[PDB]
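Just below is one structure, and these are the notes that go with it.
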Amino acid sequence: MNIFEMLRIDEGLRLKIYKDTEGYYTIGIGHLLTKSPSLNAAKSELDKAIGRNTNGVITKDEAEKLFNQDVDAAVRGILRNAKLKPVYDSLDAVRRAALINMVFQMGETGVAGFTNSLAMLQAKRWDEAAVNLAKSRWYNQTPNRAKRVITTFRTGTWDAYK
Ligand SMILES: [Cl-]
Ligand SMILES: [Cl-]
């Protein structure tokens, strides 16, 4: 298992524009297009991202390509974030994958605001961090996914994904 496989499970794969859990236009493997409520605005963002007139549909290859870019960006975003970097540097490989997933879902800004959980993670207080992570809108809105990422942080294993 690895980050890509993990996010593919959490996000799924759709070849046509769809709305995410927040009702935002998305495509592929969790690639957010726009927070705007206009489909045309989304179709436009999509053609711009793919470099062709798509008409709201892409192929698997195109989806995988946005995916690669998106995971690379998340990683690089963590590494450039003064709050996130040190936490990421302190973790083992499995747990790093969990921090990446959260950033992919919520943006680095969102994650950087889990001040207290970050500190617990950094200090390697697994059970406490899990508890704190759960007192969040994140957990209440997407509880099954959240439980998976939280167990990952708690255990350091991929069991929640098996
Ligand atoms: Cl893009
Ligand atoms: Cl969920």
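The deposited model was determined using X-ray crystallography, 1.8 Å.
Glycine is treated like the rest: Cβ placed from N, Cα and C.
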Additional site residue, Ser44, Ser117 [criterion: listed by Swiss-Prot with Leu32, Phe104, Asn132 for substrate]: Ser117
Rounded Cα-Cα span from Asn132 (substrate binding site) to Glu11 (active site, proton donor/acceptor), Å: 24
Rounded Cα separation (Å) that holds between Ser117 (substrate binding site) and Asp20 (active site, proton donor/acceptor): 26
Pairwise Cα distance for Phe104 (substrate binding site)/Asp20 (active site, proton donor/acceptor) [Å, integer]: 14
C-alpha spacing of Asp20 (active site, proton donor/acceptor) relative to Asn132 (substrate binding site), in angstrom: 25
Those residues of the chain, 6+ apart, with a Cβ under 8 Å from that of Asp20 (active site, proton donor/acceptor): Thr26, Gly30, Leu32
